[PDB]
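Residue numbers (the authors' numbering), protein chains in the order written: chain A, 3403 to 3552; chain B, 1715 to 2567; chain C, 3704 to 4004; chain D, 1365 to 1664; chain E, 2769 to 2919.
From the three backbone atoms N, C-alpha and C, an ideal C-beta is built for every residue, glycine too.
Structure first, then comments.
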Amino acid sequence: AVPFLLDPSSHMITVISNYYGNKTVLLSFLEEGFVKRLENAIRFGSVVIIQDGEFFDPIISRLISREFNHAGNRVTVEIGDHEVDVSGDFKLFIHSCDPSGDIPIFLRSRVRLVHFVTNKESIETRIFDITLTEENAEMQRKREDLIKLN
Amino acid sequence: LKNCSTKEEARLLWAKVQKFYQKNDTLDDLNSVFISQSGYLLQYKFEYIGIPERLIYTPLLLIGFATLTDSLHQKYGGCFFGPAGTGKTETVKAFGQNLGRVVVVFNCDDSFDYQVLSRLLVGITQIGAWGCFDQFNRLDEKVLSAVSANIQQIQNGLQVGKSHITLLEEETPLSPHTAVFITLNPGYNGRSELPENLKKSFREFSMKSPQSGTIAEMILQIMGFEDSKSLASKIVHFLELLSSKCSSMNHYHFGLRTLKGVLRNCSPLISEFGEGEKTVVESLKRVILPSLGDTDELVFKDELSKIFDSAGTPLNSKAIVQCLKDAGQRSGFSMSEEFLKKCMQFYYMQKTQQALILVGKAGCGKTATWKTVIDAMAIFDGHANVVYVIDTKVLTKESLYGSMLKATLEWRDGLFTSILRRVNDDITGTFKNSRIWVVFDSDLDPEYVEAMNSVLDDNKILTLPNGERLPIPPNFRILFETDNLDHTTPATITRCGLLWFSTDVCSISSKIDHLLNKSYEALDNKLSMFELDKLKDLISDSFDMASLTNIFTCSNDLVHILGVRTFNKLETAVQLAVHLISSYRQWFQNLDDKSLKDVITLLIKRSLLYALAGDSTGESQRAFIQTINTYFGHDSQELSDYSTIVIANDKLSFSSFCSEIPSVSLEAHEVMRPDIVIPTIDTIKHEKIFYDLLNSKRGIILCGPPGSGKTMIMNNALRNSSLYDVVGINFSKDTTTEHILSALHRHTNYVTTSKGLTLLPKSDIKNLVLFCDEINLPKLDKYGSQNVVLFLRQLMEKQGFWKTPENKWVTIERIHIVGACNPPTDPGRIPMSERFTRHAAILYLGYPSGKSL
Amino acid sequence: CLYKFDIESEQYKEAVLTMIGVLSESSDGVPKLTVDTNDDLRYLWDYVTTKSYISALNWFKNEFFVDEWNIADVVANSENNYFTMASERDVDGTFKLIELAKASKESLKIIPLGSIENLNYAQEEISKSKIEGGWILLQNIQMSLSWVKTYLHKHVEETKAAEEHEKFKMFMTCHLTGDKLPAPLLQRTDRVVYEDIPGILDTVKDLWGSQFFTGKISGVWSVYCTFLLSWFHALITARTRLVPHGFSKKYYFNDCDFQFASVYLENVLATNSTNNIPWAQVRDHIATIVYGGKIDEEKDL
Amino acid sequence: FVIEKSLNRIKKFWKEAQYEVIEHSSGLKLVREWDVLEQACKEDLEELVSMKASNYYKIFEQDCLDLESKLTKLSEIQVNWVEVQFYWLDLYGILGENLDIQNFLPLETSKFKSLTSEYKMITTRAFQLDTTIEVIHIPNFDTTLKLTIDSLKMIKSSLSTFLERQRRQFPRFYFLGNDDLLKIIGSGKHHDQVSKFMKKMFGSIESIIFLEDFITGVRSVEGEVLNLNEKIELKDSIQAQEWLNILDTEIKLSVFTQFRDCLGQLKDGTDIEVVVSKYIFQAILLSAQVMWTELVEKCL
Amino acid sequence: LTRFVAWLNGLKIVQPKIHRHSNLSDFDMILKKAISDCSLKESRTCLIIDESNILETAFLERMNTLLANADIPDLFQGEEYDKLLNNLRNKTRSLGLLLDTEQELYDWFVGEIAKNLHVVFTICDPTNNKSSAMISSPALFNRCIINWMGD
């Protein structure tokens, strides 16, 4: 299924860009040529990252939900009224900034949601890290290398 | 200065006043004259000013001038913040006038571009004129920021004195004669402020509504002073005492606005009597009295006679009343004391006020009131009248005032402006001598009156959204008929005359007789004159009112679904009975008074039942039947639950037998059909009453839960007859009037017949019937008024409507309004205004016993 | 509360809770009187019952027993080239900043953010002083907020090399009751609140000290009039901070009101005789145009 | 793979490229609805660019590279041609109509017409080719339009500088704007069409009364009539700025003259009812103010 | 499941292809095509509406006019009315019947729609207001059969 990434700071979008290099193509549900750029990126196996997940147009539905019409060598999918071919090298990520914005229920159901947000419990974790660093530094040191060397 | 105690007091009071000195010592003539105030000097420039209306000299005005000159001596910008209506822009204008300058005003955010503002700013920096920002707080952050930056550039170049300054990214010179002023209206939080950069370049001055005594005395001195001080004191004391004793009402406004209105009303009344206190008394009784309720009218009279008693007998007492009587005897109404009083109030207000407002309970005769007063003015002076009744909320602001299209920028008339050019643009006929009246029937809201606030102002000129200002003549009067004032602004009230209908105009019998005579005239087209004379004599003998009084009183002791007050039900009674009488009047008649009367009385009782309690539970209708039988004559034929009159087809018979049901048989394939119905003991009953109400041509409302047979009964009662053809529309949460119009074009055909300049009848020849299902579901505006219902009301009362795109009137022909709905207590249902249900008959239909099912 | 509720018992909790309800208008419950079990709490209640509120509120500050850091202490400890100290319009930390610069690392630079001229000069001196390494101040930055969202928002973010640049510190003056600043730009920089309120006599002397730098432009009577005006302005500015009793609302009187008053004084001295009787109008004007111009309530007028 | 299926539809679309052409009043024919074709061009260019990330196009590319090199220049001419269309249509309503406006500015119109002829040539020759793509084979089309928009911008710059310096000469013109200022510069031979705009650029006066040769004075939006001491003479060898500035000074001079006359009259003990009938309201107003303040100054 | 049962009964499945940049005009065009295929071409279509397909309230008004009445008077009016009438007479003569008046043709058109157009709604959570409006409308509620498959 498609993944949805929620980080206030878009640090993760650049992380994904770094993982995929030049194949990374950045789009957004708002821009003008979106409707068409996607139709191109899907036809040539470009890893696409949609920038604003809050707003979402259902013409991408047939792409998010794995619905495809099979043939001999080509696999097509209907978007709007155009039936565009799927590459195979193609990847799709969706990205949003604010948890305040609510995405349609269909998307949230069909998509795997992931929160890259720093909450108040991250404090409860990192203060433990720092406390053990400055209280018992040797065991905190060997903690990491235990798993690493495993 | 005379009454001053010492010389120090005199010199103190003199340093405050502007002093126009002159230098006979030097040359440079245009720089010779200067003005001294509070110790500072200002040079007089000789720009021509004309003869603009000068503000009335008050102490607050002098204090404002003092603050302005104190700001200008240090080369600081001027600025006041205060509520709308304090005339701060007017203060800037007057201050520029006294010093010989034409202050150019910047009405900002009123579709005001920034490039034009920059052009004006460069021009005013070069000319050396004075600029004033009217309501500088209303601006968009971008525009406000840029304008603030430039204004600060200017004021900085002034405080420092730089020869040329850089603003707008432009090195432009500066004339030291330039000055900036800012008026700040309060927003939603409170009194707005200048941007932090201007607070060190302007001097904010607070403004308070000046104490009414001073302005009142000054205005009285202007109009003719006789006793300005005493009259102002008495007027202020009288208004304070009225606010003191009178009940706390929402539309009551006794503030300084009301007394400025009273003085502006005194101005034309001085031409009638003279510059005495009697004129003040008459102005007070013309403005305040019509706006007060019965409980407060006597308070007004008492306090008036207490503070000052003037006259006893008014002028124009004999002619106007007789003209009103002659107009009413022809219209059909009666001349009670309340009707006469309100007509006289309206006549005494139409003279002064150009904009009038009539508020009262739904169907209080307000309509009749102003129509009769205008019809009588046609007789008194001889001036004809041209009336345009527009339902306010039926149309949008683009179709009423004017719509400009986005791309082509085509400015289109609309409605309100398309009927204003018929008086200003082309007066080819008799319009300079006639009286034009534009009435607004539907609910009025602030969003609609703000666009024409310039007409309600002293300007008497309609400002277009772009391009023009059309002046209105004194013949062009504007009226506002409505039922509530909860949404409007006190400013909008104090700009117009207000007429408060405390209670109903007349009694019951008078309206009953009016309706009877109208029905006689409606039947006069059919049948002969002699028959009409016989019918009227019979009706005069028949009922007197003593029996109907108790019936109408007991109708209130009942549960009415879709409530309508007893008064407005009269139109539903009379007409139906009249129609029934006519249908039995000829071809099948008898000559026995005892039996002939029995038939007339039985028909009248049936119509009375269905008019008063037709909207009841049906279980209460059977008790109201016995109530009617009680308060009617004891020997007259009583009424039963399923009473029916029987007569032979080709031969003359007479009897009364009930509960006769035919037998129906259908095969297996006819079980489910959209036009299938099983006649029961209540099917033919409901169908008969529905068909008789449709024959009366009156609007019909069927209230009840779903599937109760409303749809079924209404469909199968007309699909059987050929007279009427049905068109069905189903309302939803948000249905436009254009939805109805589009659902009608299929079965309707416009024609241009000379009788009605543009007629919209059915495409065939026989009657058409619109069935609007779920009529109380469509939603209302954010002010609480639904437009589709007002459109149906215009269809039923006015029998026509205004074309939304083409902007002219269209009368509908042989189109009747029937509509189904659920009780308003159900969720999702919207309460409908009585002004629409007034013209309709209400029939309640529930579920049949659980046993007939 | 957060600390003691969890550490101490529940008796302590309910006692301090009912006392805080007493300091509020919630309730006036019976306290727990345990001799020598809690004498700090007994001391707090002794503060509460004697009706002295400021000391009772400072008790919670004295129960953390921390040396509250001065603005100077934080500037010294903090290693950042960006400071924003907001403050109510009553005062401005500008002169405090002057004294904090002069005492160590004098390099004092003040920058008004006024006209386009001032803004261009400011954006020049910023990029020059971050290289030279002198303390720069941007006065009442709010007034040019539209310029901050375009220039300063970019400039401070990009200047991660300002930490690389020479030892330098930029300050910015805000106003709590005013236009809102962007949260990210506000978080990057260090934040402070200048709450140093001068006394009445101190304000009188601070106003009277700057007037003899003019030299001698007016007569001898004008000196007495300036003295009167200094006292008057000090008194009004002191009454401004009490907004329930005193003045109805909170009003602000700047040095510009003082300037206009003194200008009116010099004018009336030049135009009138040396007799001391014109006083009559001096009040009127000053009480209804100079100062009273801003007041919109009859009570405060 | 799909590269062929896409290139086929691309070439099919571009061998059907048509321009909506409709001729306005004068000989030139305008082209309607630019955005459709331009957006299609950009979309197909972006599709051809995205075709570079595929794997099944290396040998199938050269054709697509030629197509790209054609469409890039197509868009190049698209931008400049649409700019020329817009700027010419804007300068037309300013220079192509009036005779007086081109008599004041002979140079800029002498260049405007020389540009318009060549533009007619180019437009007709490009439309009669019956293929919007083939336009890129017409010689000297990109440079033609580049220098044509340069010339249009230069004409418009001369115009703007002229208008702003004209305003700076007579500052009241800042109040009017471009269209009404042009109308004033155009109806200068008549001198009587100007009155309608003084109501805007002065606010106080409504119209100006003439002898066709001189200027007896003005009349205000209120109705009062102001007569000038020196009626200003009008000749064909006169500019709008000129007599308008002279009038701007003469009005204040006449105000002062009437003011001093009224003040000297009332200082000699004449009733106000006599002065009302001959003097404007402003002069008598200021005179009454001055005499009143003087008399009350002595009464104090 | 709606698609499966519609394919079992031989119904042409019609799912509106909407998006954020979708106008009421495109919705009207899709409804027009479906109606004309069910009347002029006898397609027997099944229209599957979802809660994310109703962007605006005007869409719900169109659906109400499509259910309560078997036609949408707003789609075919003016010139389109005449074109539709022409094609309607074409198909009516093709089926072997000539209708006299102008209302008979439209009555046959209405019947054909009523007998060939099957509407199935797929709302998710009724607690949602945009979904609650789907059930609150009297037309949709009374003319549809309600089925519950919540959990």
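(message) With the cut-off set at 8 Å, would you say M2546 (chain B) and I2531 (chain B) are in Cβ contact?
(response) Along the second sequence, one-based indexing puts residue 2546 (chain B) at 832. Along the second sequence, one-based indexing puts residue 2531 (chain B) at 817. In this structure, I2531 (chain B) does not lie closer than 8 Å to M2546 (chain B) by Cβ.
(message) What are the residues in the segment 3507-3526 of chain A lying within 8 Å of chain E by C-beta distance?
(response) Taking 8 Å as the Cβ-Cβ cut-off, the segment 3507-3526 of chain A approaches chain E at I3507 and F3508, given in chain order.
(request) Can you give me, in chain order, the residues of the segment 1913-1928 of chain B that have a beta carbon less than 7 Å from any beta carbon in chain C? (result) Flagged, chain order: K1914, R1917, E1918, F1919, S1920 and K1922.
(request) Can you pull the chain B residues whose beta carbon is under 7 Å from the beta carbon of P2841 (chain E), in chain order? (result) By 1-based counting over the fifth sequence, the position of residue 2841 (chain E) is 73. Against chain B, the beta carbon of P2841 (chain E) has neighbours under 7 Å at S2456, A2457 and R2460, listed in chain order.
(request) Could you tell me which of B:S2045, B:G1845, B:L2119 and B:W2214 sits nearest to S2224 (chain B), measuring between CA atoms? (result) In the second sequence, the residue the question calls residue 2224 (chain B) occupies position 510. Nearest option by C-alpha distance: B:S2045.
(request) Alpha carbon to alpha carbon, how far is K1393 (chain D) from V1385 (chain D)? Give it in angstroms, no decimals. (result) Your numbering for residue 1385 (chain D) matches position 21 in the fourth sequence. Your numbering for residue 1393 (chain D) matches position 29 in the fourth sequence. If you take the alpha carbons of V1385 (chain D) and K1393 (chain D), they lie about 6 Å apart.
(message) Restricting to Cα atoms, I'd like to know which of B:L1813, B:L1774 and B:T1720 is closest to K1733 (chain B).
(response) Within the second sequence, numbered from 1, the residue matching residue 1733 (chain B) stands at position 19. The option with the nearest alpha carbon to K1733 (chain B) is B:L1813.
(message) Just to confirm my understanding: we take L2072 (chain B), look at its own chain, exclude 5 residues before and 5 after, and list those with CB closer than 6 Å. What are they?
(response) Residue 2072 (chain B) sits at position 358 when you count from the first residue of the second sequence. Answer for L2072 (chain B): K2080, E2195 and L2213, listed in chain order.
(request) Label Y3706 (chain C) either buried or exposed according to how many other C-beta atoms from any shown protein chain fall within 10 Å of its C-beta, with 16 as the threshold for buried. (result) In the third sequence, the residue the question calls residue 3706 (chain C) occupies position 3. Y3706 (chain C) is exposed by the Cβ-count criterion.
(message) So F3457 (chain A) contacts chain E; which residues on that side make the cut at Cβ distance below 9 Å?
(response) The count along the first sequence starts at 1 and reaches residue 3457 (chain A) at position 55. Result: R2788.
(request) Under 9 Å between beta-carbons, which chain E residues line up against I3461 (chain A)? List them in chain order, please. (result) What you label residue 3461 (chain A) is simply residue 59 of the first sequence in a count that begins at 1. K2785, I2786, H2787, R2788, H2789 and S2790, listed in chain order.
(request) Kindly list, in the order they appear in chain B, the residues whose Cβ is closer than 7 Å to that of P1535 (chain D). (result) Your numbering for residue 1535 (chain D) matches position 171 in the fourth sequence. Residues of chain B with a Cβ closer than 7 Å to the Cβ of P1535 (chain D) are, in chain order, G1837, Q1840 and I1841.
(request) Tell me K2476 (chain B)'s beta-bridge partners as DSSP assigns them. (result) Residue mapping note: residue 2476 (chain B) aligns to position 762 of the second sequence, counting from 1. For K2476 (chain B), which the question treats as bridged, DSSP gives the partners B:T2462.
(request) Thinking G3455 (chain A) and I3496 (chain A) are a contact (beta carbons under 8 Å), I'd like their distance in whole angstroms, please. (result) Reading the first sequence from its first residue, position 53 is the one you call residue 3455 (chain A). Reading the first sequence from its first residue, position 94 is the one you call residue 3496 (chain A). Correct: roughly 4 Å between the Cβ atoms.
(request) Classify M2058 (chain B) as helix, strand or coil using the three-state DSSP reduction. (result) Here residue 2058 (chain B) is taken as the residue at index 344 of the second sequence, counted from 1. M2058 (chain B) falls in the helix class under three-state DSSP.
(message) With three or more beta-carbon pairs closer than 8 Å as the criterion, would you say the segment 3830-3842 of chain C touches the segment 3875-3888 of chain C?
(response) Counting C-beta pairs closer than 8 Å gives three or more between the segment 3830-3842 of chain C and the segment 3875-3888 of chain C, which meets the contact rule.
(message) Given a cut-off of 8 Å on the beta-carbon distance, is the pair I1865 (chain B) and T1839 (chain B) in contact?
(response) Residue 1865 (chain B) sits at position 151 when you count from the first residue of the second sequence. Residue 1839 (chain B) sits at position 125 when you count from the first residue of the second sequence. Against a cut-off of 8 Å, the Cβ pair of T1839 (chain B) and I1865 (chain B) comes out as no contact.
(message) Against chain B, does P2906 (chain E) count as a neighbour if the rule is that its beta carbon must be under 8 Å from one of theirs?
(response) Start at 1 with the first residue of the fifth sequence, and residue 2906 (chain E) comes out as number 138. With 8 Å as the cut-off, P2906 (chain E) counts as an interface residue toward chain B.
(request) Say whether chain C places a C-beta atom closer than 8 Å to the C-beta of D1854 (chain B). (result) Counting from one through the second sequence, the residue named residue 1854 (chain B) turns up at place 140. Closer than 8 Å: no.
(request) Would you kindly check if the distance between the Cβ of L1590 (chain D) and the Cβ of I1644 (chain D) is under 8 Å? (result) For the purposes of this step, residue 1644 (chain D) is taken as residue 280 along the fourth sequence, with counting starting at 1. For the purposes of this step, residue 1590 (chain D) is taken as residue 226 along the fourth sequence, with counting starting at 1. A Cβ-Cβ contact shorter than 8 Å links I1644 (chain D) with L1590 (chain D).
(request) Would you check if there are 3 or more beta carbon pairs closer than 8 Å linking the segment 1418-1425 of chain D to the segment 1478-1485 of chain D? (result) The answer is no - the segment 1478-1485 of chain D does not touch the segment 1418-1425 of chain D, with fewer than three Cβ pairs under 8 Å.
(message) Here's a check: name, in chain order, each residue in its chain whose Cβ is nearer than 7 Å to the Cβ of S3847 (chain C), leaving out the five neighbours to either side.
(response) Indexing the third sequence from 1 puts residue 3847 (chain C) at position 144. Closer than 7 Å at Cβ, skipping near neighbours: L3816 and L3822.
(request) Could you say which of C:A3886, C:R3891 and C:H3856 lies nearest to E3866 (chain C) if we only look at CA atoms? (result) As a working note, residue 3866 (chain C) is residue 163 in the third sequence. Of all alpha-carbon atoms in C:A3886, C:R3891 and C:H3856, the one lying nearest the alpha-carbon of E3866 (chain C) is that of C:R3891.
(request) Report the residues of the segment 3458-3488 of chain A with a CB closer than 7 Å to any CB of chain E, ordered along the chain. (result) For the segment 3458-3488 of chain A, which is checked against every Cβ of chain E, the residues closer than 7 Å are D3459, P3460, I3461, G3482 and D3483.
(request) Taking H2453 (chain B) as the query, report the chain E residues whose CB atoms sit under 9 Å from its CB, ordered along the chain. (result) The residue labelled residue 2453 (chain B) in the question sits at position 739 within the second sequence. In chain order: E2829, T2833, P2841 and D2842.
(request) Output yes if chain F places a C-beta closer than 8 Å to the C-beta of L1659 (chain D); else output no. (result) Absent from the structure: chain F. Protein chains present are A, B, C, D and E.
(message) Please classify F1939 (chain B) as buried or exposed, where buried requires at least 16 other C-beta atoms within 10 Å of its C-beta.
(response) Walking along the second sequence from the start, residue 1939 (chain B) turns up at place 225. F1939 (chain B) should be labelled exposed.
(request) Would you mind giving the Cβ-Cβ distance between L3879 (chain C) and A3804 (chain C), rounded to the nearest angstrom? I have them listed as a contact below 8 Å. (result) What you label residue 3879 (chain C) is simply residue 176 of the third sequence in a count that begins at 1. What you label residue 3804 (chain C) is simply residue 101 of the third sequence in a count that begins at 1. About 23 Å; that fails the 8 Å criterion.
(request) Give every residue of the same chain whose Cβ lies closer than 7 Å to the Cβ of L3889 (chain C), excluding the five residues on either side of it in the sequence, and list them in chain order. (result) Start at 1 with the first residue of the third sequence, and residue 3889 (chain C) comes out as number 186. Excluding sequence neighbours, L3889 (chain C) sits near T3787.
(message) By alpha-carbon positions, which one of D:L1438, D:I1441 and D:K1416 ends up nearest to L1429 (chain D)?
(response) What you label residue 1429 (chain D) is simply residue 65 of the fourth sequence in a count that begins at 1. Of D:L1438, D:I1441 and D:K1416, the smallest CA-CA separation from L1429 (chain D) is found for D:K1416.
(message) My parser needs the beta strand (DSSP E) runs of 3 or more residues fully inside the segment 1830-1918 of chain B; what are they?
(response) For the segment 1830-1918 of chain B, whole beta strand (DSSP E) runs of length 3 or above, ordered along the chain, are 1844-1848, 1878-1881, 1884-1887 and 1893-1898.
(request) For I2295 (chain B), count neighbouring C-beta atoms within 10 Å of its own C-beta (all shown protein chains included) and say buried if the count is 16 or more, exposed if not. (result) As a position in the second sequence, residue 2295 (chain B) is number 581, starting the count at 1. The residue is buried, with at least 16 neighbouring Cβ atoms inside 10 Å.
(message) Cβ closer than 9 Å: which chain A residues qualify as neighbours of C2892 (chain E)?
(response) Reading the fifth sequence from its first residue, position 124 is the one you call residue 2892 (chain E). Within chain A, the residues near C2892 (chain E) are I3507, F3508 and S3511.
(message) Rounded to the nearest angstrom, what separates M1518 (chain D) and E1528 (chain D) at their Cα positions?
(response) For the purposes of this step, residue 1518 (chain D) is identified with residue 154 of the fourth sequence, where counting begins at 1. For the purposes of this step, residue 1528 (chain D) is identified with residue 164 of the fourth sequence, where counting begins at 1. Looking at the two C-alpha atoms, the distance is approximately 15 Å.
(message) Using 8 Å as the threshold, is the C-beta distance between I2361 (chain B) and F2371 (chain B) below it?
(response) The residue given as residue 2361 (chain B) occupies position 647 in the second sequence. The residue given as residue 2371 (chain B) occupies position 657 in the second sequence. Taking the C-beta atoms as reference points, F2371 (chain B) is found no nearer than 8 Å to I2361 (chain B).
(request) Whole angstroms is fine: what's the gap from residue 1709 (chain B)'s alpha carbon to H2201 (chain B)'s? (result) Residue 1709 (chain B) is absent from the structure shown; chain B starts at 1715 and stops at 2567.
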